[PDB]
Every structure is written in C-alpha cells, then in structure tokens.
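Read through the structure below, which is laid out as structure tokens, and then see the notes.
Don't worry about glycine lacking a Cβ; one is built from the backbone with ideal geometry, like all the others, and counts go over all protein chains shown. What follows is calculated from the coordinates using simple rules that are stated; it is not laboratory data.
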Amino acid sequence: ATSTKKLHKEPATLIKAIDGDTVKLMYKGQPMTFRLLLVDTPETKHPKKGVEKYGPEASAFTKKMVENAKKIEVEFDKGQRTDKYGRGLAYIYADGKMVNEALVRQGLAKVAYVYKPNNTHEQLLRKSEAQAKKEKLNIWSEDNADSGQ
Ligand SMILES: Cc1cn([C@H]2C[C@H](OP(=O)(O)O)[C@@H](COP(=O)(O)O)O2)c(=O)[nH]c1=O
C-alpha cells in the first residue's frame, strides 16, 4: 500500500482467543484484543456452567479457525480504529477469507452493533446472515422462548 485508498489492511499474529467475537492477536508487534465488527455472538460470557446451548461452540469455532489459519490479517474500517473499551475494530481475514463471514456461515454470530461510518462490510455480512437463517445453523433453529430448561 504505497498510498492510501479505502481501508488499511495489515498483518496480525493470533495470540489467545477468548470468545467468538473476541480474539487477542498481535498488531504492530504488541498484544491487543480485536472484536469482529458488524457481528455479535449469542451471549458467550461463559460464567460457569454456560447456558448449555451456544456456550462452548462459537468461541472455539474462531479458536481453532484462526489457530489453523496460515495467516491472520485485519481491516480497520474508515470509522474509528478503537472503541471506548480500547478494543481494535477491524475485519479479521484467515487464509485470505473473511473470518466474520465464516461465523455467519455456521450461524454462530448474527449481525449486530451497526454504527456509521463503521459498516462498509455490512452489505456482505447482511446477505450472508440471511443465508444462515435459511441454513438453520444453530441460533437459526428454533424461534420462541418456552420449554428450554
Ligand atoms: C462493535 C461496536 C460496539 N460498540 C459498543 C456497543 C456496546 O456497548 P456496551 O459495552 O455498553 O454493551 C459495545 C459492544 O462491543 P462488543 O461487541 O465487543 O461486546 O461496544 C459500538 O458502539 N460500536 C461498534 O461498532
């Protein structure tokens, strides 16, 4: 990138994944946490016994994912580069693929947290989420709050 055009794609080094949308990597050579943009996990606070539903599933999904990826990159949007929590906001790409899209592919993370101007990849994640709905991938299975304990 000799000049600036759209976003700023850069390299990254996986360090320790914690949740499905939370993975600490290495940026600029220093340790930092990154949060998938335009996406949100199905409540993965993992307090103790978990909800026994989508607890241990999304977090590991991205864990082994970037863990086996040959390379890890990030794409900061045109909006801010860090949130109020000091988290880095960008799109992680594993093997030249959009990891965020992989999650929506397995119906593990639904689109959420959309605030301009950080939403350039909101279109691709949009049509993708719709495909996950027709694919019924976990979260997109049942549809009601009754008889689930
Ligand atoms: C991802 C994202 C999060 N947020 C805020 C809303 C949420 O506030 P609260 O912390 O009060 O819930 C929090 C969610 O981030 P996470 O998706 O990392 O949990 O960050 C934005 O304002 N814009 C964004 O693009």
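Collect the residues in segment 14-36 that are among the small types (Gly, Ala, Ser) and in contact (Cβ under 8 Å) with a residue 60 or more places away in the chain, keeping them in residue-number order.
Within segment 14-36, 20 is the sole residue that qualifies.
Please find, within segment 18-42, the residue that is farthest from the ligand (Cβ to nearest atom) out of those that are among the β-branched types (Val, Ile, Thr) and surrounded by fewer than 19 Cβ atoms within 10 Å (Cβ to Cβ).
Here the answer is 18.
If only one of 98, 65 is under 17 Å from residue 121 (Cα atoms) and either in contact with a strand residue (DSSP E or B) (Cβ under 6 Å, 6 or more places away or on another chain) or crowded, with 19+ Cβ neighbours inside 10 Å (or both), which one is it?
98 is the lone residue from the list that is under 17 Å from residue 121 (Cα atoms) and either in contact with a strand residue (DSSP E or B) (Cβ under 6 Å, 6 or more places away or on another chain) or crowded, with 19+ Cβ neighbours inside 10 Å (or both).
Which number in (1) surrounded by fewer than 15 Cβ atoms within 10 Å (Cβ to Cβ); (2) assigned to a loop (DSSP other than H, G, I, E, B) marks the one condition that residue 56 misses?
Here residue 56 meets the rest and fails (2).
Picking from 58, 69, which residue would you name as being out of contact with any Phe, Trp or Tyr (no Cβ under 6 Å at 6 or more places or on another chain) and within 16 Å of the ligand (Cβ to nearest atom)?
Unique residue meeting the criteria: 58.
Checking residue 56 against (1) touching a residue at least 12 places away in the same chain (Cβ under 8 Å); (2) within 25 Å of residue 139 (Cβ to Cβ), only one condition comes out false. Which one?
Among (1) touching a residue at least 12 places away in the same chain (Cβ under 8 Å); (2) within 25 Å of residue 139 (Cβ to Cβ), the lone unmet condition for residue 56 is (1).
Of 84, 45, 49, 6, which residue is in a loop (DSSP other than H, G, I, E, B), touching a residue at least 40 places away in the same chain (Cβ under 8 Å) and surrounded by fewer than 13 Cβ atoms within 10 Å (Cβ to Cβ)?
Going through 84, 45, 49, 6 in turn, just one is in a loop (DSSP other than H, G, I, E, B), touching a residue at least 40 places away in the same chain (Cβ under 8 Å) and surrounded by fewer than 13 Cβ atoms within 10 Å (Cβ to Cβ): 6.
Consider residue 89 carefully, then state whether it is within 11 Å of the chain's Cα centre (by Cα), surrounded by 14 or more Cβ atoms within 10 Å (Cβ to Cβ), in a loop (DSSP other than H, G, I, E, B) and within 16 Å of the ligand (Cβ to nearest atom).
no
Looking at (1) assigned to a loop (DSSP other than H, G, I, E, B); (2) more than 25 Å from residue 142 (Cβ to Cβ); (3) in contact with a helix residue (DSSP H, G or I) (Cβ under 7 Å, 6 or more places away or on another chain), which one does residue 38 not meet, given that it meets all the others?
For residue 38, the failing item is (2).
Do you know which residues across segment 108-147 are assigned to a loop (DSSP other than H, G, I, E, B), more than 16 Å from the ligand (Cβ to nearest atom) and surrounded by 13 or more Cβ atoms within 10 Å (Cβ to Cβ)?
The answer is 137, and nothing else.
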